[PDB]
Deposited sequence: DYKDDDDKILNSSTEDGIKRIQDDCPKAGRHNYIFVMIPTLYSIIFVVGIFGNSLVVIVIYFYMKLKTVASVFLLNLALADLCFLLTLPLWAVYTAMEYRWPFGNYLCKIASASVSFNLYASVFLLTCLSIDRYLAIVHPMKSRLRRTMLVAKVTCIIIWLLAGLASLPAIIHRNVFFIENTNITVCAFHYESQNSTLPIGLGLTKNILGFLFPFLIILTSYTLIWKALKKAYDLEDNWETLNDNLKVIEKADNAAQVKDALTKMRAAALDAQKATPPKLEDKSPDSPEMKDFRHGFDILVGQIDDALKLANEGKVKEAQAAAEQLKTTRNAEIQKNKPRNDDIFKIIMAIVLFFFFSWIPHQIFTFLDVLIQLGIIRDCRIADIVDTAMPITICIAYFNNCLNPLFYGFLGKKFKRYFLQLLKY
C-alpha cells in the first residue's frame, strides 16, 4: 500500500473516544436492526405497498439496513484505536455505504415531504400525477443520485500506512500539493446533502402549516358565530347582546379574509349593533336569529410538523458543521493542529447523533399512520 505522513498525528486519538464510540455504534446497531426490520415487515408484508408514502418509507428502512451492515466494521475499527484490518476492498464499500445512506435518506425525506404537500393541499389535482410507478422511478433515481454522490468515496478511499505511528488506516489523504482528490468534497455534503434538501423539507411542511391554519381558523370563525348566536338567544340585557354581536362582526371579517355576500352578513350585523347600542334588546335578537359540523381536526398537528422539521435539522447540523470545518482545513484556511484535534474528536460524536436519529426515522414516520401503529403493536403483543 501507500506510506504517508500525518501532519497532526495526535489529533483525535483519545482513550475515551476509543471506548465510548464503539459502545455507541453497538447501541445504534441493535436499535437500528430492531426498528428498521419491523418497519419492513409491517409495510411490505402486512400492507403490500398501496400508497406513495409507503414506497418511500420502505426504501427509507432498506437504506438504513445497508448502512447498519457496515456499522460493526467501524465499531471494531474505532475500538482498536483507528486500525483497519479488513483490506482495501472492504473500506471502499464501507465508506461508500455511509455516504450513500446520507444522500439517500435525506433525498427520500425530501420527496416524502413534497408528497405530503400535494396530498394535503392539492388532493384532487395531484392524484393522477402521484402513482405507484412514479414513486418507484423516483426511488431508483434517488439511488443513482446517491451513488453518484458517494462516487468519490469509492475512488479516493484507500488504505494508507501511516509512517508516524505505524498504524494502517483507511481515509482520504488531503495532500498539501498535487492531490487527485476534489477540493471541496465536504461542500457537496453541505449543500446537496443538507442545505438544499432541508429548504425543500422546510418549505413543504410550512405550506402544510399555512394551509391547515387557514382551514382551522375558518372553522373557529364559524364556531364563534354559532356560539355567540346562542348567547344572544339566552341573553337578558343589551350588554350581553353587544358583547356577542361585536365578536360576531370581528369573526365575520376574519372569515372573510380566508366575491359573495360576506359584506351582507357584516352589514346586517352592523345593523343589529345600531339597535343594541340604543337600549333595544329584543329587537337585536330578532335580527340575529334571521341571519343564521363534524369535521376531523387535530390541533396537535402543528406540534408534529414542528417536531419533524427540528428532528431533521438538529440531528444533522452537528455533523454538517464539523464537515464544513474539515473543508477549511483541506483548503488551507486553517492549519492549526489544535483546531484539527477538536474536529477529529467531535466527528465520531456527531456521527453517533446523525446516524442514530436517521436509523429511527423510518420508525417514527411509521407511527404517524394509525394503521401502521395497529400492526406494529400486534407483532409485539
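Within the chain's deposited sequence, the coordinate-free stretches run 1 to 17, 276 to 293, 328 to 335, 425 in sequence order.
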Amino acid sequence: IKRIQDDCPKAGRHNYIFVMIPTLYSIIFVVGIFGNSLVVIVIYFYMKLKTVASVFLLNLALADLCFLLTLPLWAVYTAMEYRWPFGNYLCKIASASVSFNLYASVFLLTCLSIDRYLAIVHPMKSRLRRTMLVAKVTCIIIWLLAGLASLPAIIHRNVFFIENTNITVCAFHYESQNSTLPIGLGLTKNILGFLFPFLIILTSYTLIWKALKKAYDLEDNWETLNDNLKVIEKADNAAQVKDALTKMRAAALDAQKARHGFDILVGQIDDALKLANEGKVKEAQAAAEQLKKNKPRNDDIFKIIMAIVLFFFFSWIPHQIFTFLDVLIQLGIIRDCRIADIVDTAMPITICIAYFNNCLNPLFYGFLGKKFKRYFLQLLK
From here on, numbers count along this sequence of modelled residues.
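As the entry records it, the average C-alpha temperature factor is higher for 164 to 172, out of 164 to 172 and 206 to 214.
The deposited model assigns a higher average Cα B-factor to 218 to 226 than to the other stretch when 304 to 312 and 218 to 226 are compared. Of the candidates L148, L109, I183, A119, the PDB record gives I183 the highest C-alpha temperature factor. Highest CA B-factor among the listed residues (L73, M132, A250, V98): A250. Split the chain's modelled residues into thirds by C-alpha temperature factor. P152 is in the middle one.
When all modelled residues of the chain are sorted by CA temperature factor, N15 is found within the highest third. Remark: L265 belongs to the highest third of its chain, ranked by C-alpha B-factor as recorded. Sort the chain's modelled residues by C-alpha temperature factor and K295 lands in the lowest third, per the entry. The entry lists a Cα temperature factor for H319 that places it in the lowest third of the chain's modelled residues.
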